[PDB]
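Ligands are counted one by one from 1 in listed order, and the atoms in each one are counted from 1 as well. Numbers here are sequence positions counted from 1. The figures here come from the full heavy-atom set of this structure, side chains too, leaving out hydrogens, waters and symmetry mates.
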Amino acid sequence: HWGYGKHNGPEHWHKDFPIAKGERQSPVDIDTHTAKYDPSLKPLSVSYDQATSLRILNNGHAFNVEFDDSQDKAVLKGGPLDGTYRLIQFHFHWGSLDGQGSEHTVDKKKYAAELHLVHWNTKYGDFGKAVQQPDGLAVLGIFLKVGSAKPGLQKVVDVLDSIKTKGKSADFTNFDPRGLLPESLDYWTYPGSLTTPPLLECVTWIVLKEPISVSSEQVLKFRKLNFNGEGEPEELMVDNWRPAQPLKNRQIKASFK
Ligand SMILES: NS(=O)(=O)/N=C1\NCc2ccccc2N1
Ligand SMILES: NS(=O)(=O)/N=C1\NCc2ccccc2N1
Ligand SMILES: [Zn+2]
């Protein structure tokens with residue numbers, strides 16, 4: 001099945017998922033000089049005060065923190081978006097070393113990790129219908145650089161020992177995703193795709209300009225997770241990122257001057 005290794009990684013995905021070579025694949029390099037300020041854009045509305053986290057799962061690719069998405073509890077609105085997008089899960093991508101790990105790049109710079117908060121457009125009723133639509137998802141992407149600890153990340157770090165291997169999950173209620181956001185909501189946006197198979201071209205990407213800082217010890221703990229299942233040979237969960245893809249006929253817009 002697909003993964004991040006040399007034999008099943010990003011260079012192989014197109015054989016099972018031919019959209020990997022499509023017209024609106026993600027991630028991309030954000031060339032900051034080429035991105036254009038768009039006064040048509042609004043401020044992003046991130047409304048997470050009623051978020052209800054459920055569980056944290058090691059799915060063999062990353063770990064996902066899942067939310068109750070049966071009601072408008074944690075929603076993204078505004079910015080480039082029409083309508084309301086409900087938070088369903090977040091996850092990260094990270095490297096084996098601090099100089100790599102992000103999916104998006106900024107002027108070719110790679111960050112140590114990237115957070116994806118995944119939301120689906122409520123007009124499509126549920127996530128599985130939303131992924132079939134060109135405006136079905138909005139993913140809020142946040143870069144992580146290594147420096148001071150992020151206090152709002154620590155509860156995630158501290159549960160990772162309980163989900164070390166593929167298929168493990170743990171209760172993860174009462175987690176506040178507001179604690180993962182930087183101060184500024186300035187962003188870049190473009191139309192793209194899921195960055196993992198099935199690579200569906202359903203995403204409005206909103207990538208914040210300001211990274212969050214996390215400590216070397218926090219990201220070290222991400223790198224102790226395993227891709228494998230319990231009882232199988234250990235393969236550390238590192239370098240679970242897709243590299244930048246061709247921009248093709250797209251424009252990246254900036255919310256800021
Ligand atoms: N609304 S709910 O059932 O409590 N929460 C939901 N259901 C569907 C789903 C699937 C995967 C991840 C999160 C969620 N969230
Ligand atoms: N890294 S990403 O762009 O959020 N890709 C994702 N997110 C959501 C999701 C759920 C189910 C299957 C694949 C994917 N892929
Ligand atoms: Zn992702």
Any link between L194 and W241 through a network of hydrophobic side chains (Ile, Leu, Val, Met, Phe, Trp, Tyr) touching at under 4.5 Å?
->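 No, it is not one cluster - the side chains of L194 and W241 are not joined through contacts under 4.5 Å.
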Under 4.5 Å between any side-chain heavy atoms of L236 and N226, yes or no?
-> yes
Six-ring centre of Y111, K109 cation under 6.0 angstrom, axis tolerance 45° | yes
Suppose we measure from [atom] to each protein heavy atom; which comes out shortest, and what is that distance?
{"atom": "atom 2 (S) of ligand 1", "answer": "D68 OD1, 3.5 Å"}
{"atom": "atom 6 (C) of ligand 1", "answer": "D69 OD1, 2.9 Å"}
{"atom": "atom 11 (C) of ligand 1", "answer": "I88 CD1, 4.1 Å"}

List ligand 1 atoms under 4.0 Å from [X], heavy atoms only on the residue side.
{"X": "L54", "answer": "4 (O), 5 (N)"}
{"X": "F67", "answer": "5 (N), 6 (C), 13 (C), 14 (C), 15 (N)"}
{"X": "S70", "answer": "1 (N)"}

Should one rank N64, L200, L137, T195 by closest heavy-atom distance to atom 1 (N) of ligand 2, which comes out on top?
->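 Residue with the shortest heavy-atom distance to the ligand atom: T195.
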Region of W205 that comes within reach of ligand 2 [heavy atoms, distance under 4.0 Å] | side chain
Considering residues, nucleotides and ligands other than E232, do more than 12 of their heavy atoms fall under 6.0 Å from its CD?
-> yes
Report the name of the N/O/S atom of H116 located nearest to the Zn ion (ligand 3).
->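 The nearest such atom is ND1.
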For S26 and ligand 2, answer yes if some heavy atom of the residue is under 4.0 Å from a ligand atom, otherwise no.
-> no
